[PDB]
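Presented as C-alpha cells, the chain that follows is alone, the form solved without the partner chain.
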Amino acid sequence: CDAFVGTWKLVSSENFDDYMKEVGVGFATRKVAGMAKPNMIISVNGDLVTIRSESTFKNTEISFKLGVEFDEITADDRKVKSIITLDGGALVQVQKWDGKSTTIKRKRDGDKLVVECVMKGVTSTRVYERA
C-alpha cells in the first residue's frame, strides 16, 4: 500500500456527526471529535501496516496484516473485531461488534486520501491532504 504511506492532515469533513450518532457515540465525545483536526500517519514494515491517528485529545494506533482479523479498541472505546483488505487499490476496513458492523474505506483520489465511513445507510466523507 505504497500510495498510502505518509503523514496526512484533515482538510474537510461531511456528515461525520451523523455517522457518529448512528454508531452510538455520546454527545460529549461527538463534540470533542468535531473539534479535532487529526493527522493520519500510515507506514508499512514487512507485512504489517500501521495506521496512527493523532490529535490533542486522543491518539489511536492499529497495526495489522491485510486479511487477518484483529482486536481494535476504537477512539470512542468500542472493542471491535476488525479486518482490512486491499481491494481495487483501496484499504477496506470492516469493524464488527454486538451484532453490528460499519465499513471504513480509505482510498486515493487525485493527490488526496479520502476516508468514507458507512453505518446503516448514513455515509460520511473526510478528505485528507499530505502534511
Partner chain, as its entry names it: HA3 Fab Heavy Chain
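The term rigid core refers to the maximal set of C-alpha atoms that superpose within 1.5 Å between the two forms. Residue numbers count along the first chain shown, from 1.
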item: Between stretches 27-35 and 80-88, more displaced by Cα RMS in 8 other deposited structures of this protein (rigid core superposition); value: 27-35
item: Comparing 96-104 and 50-58 where Cα RMS over structures and residues is taken in 8 other deposited structures of this protein (core fit), larger one; value: 50-58
item: Mean temperature factor over C-alpha atoms, higher-scoring stretch between 85-93 and 33-41; value: 33-41
item: Residue stretch of maximal mean CA temperature factor, 68-76 vs 51-59; value: 51-59
item: Criterion, highest CA B-factor; candidates, 10, 122, 115, 20; value: 122
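In what follows, reference is made to the form solved in complex with the partner chain, a form of this protein that is not presented.
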| query | finding |
| --- | --- |
| Heavy atom of residue 78 within 4.5 Å of the partner chain in the entry with it bound | yes |
| Partner contact for residue 104 in the entry with it bound: the partner chain, 4.5 angstroms, heavy atom | no |
| The partner chain contact in the entry with it bound: residue 114, any heavy atom under 4.5 Å | no |
| Those residues of 21-45 which, in the entry with it bound, come within 4.5 Å of the partner chain by heavy atom | 23, 24, 25, 26, 27, 28, 29, 31, 32, 35 |
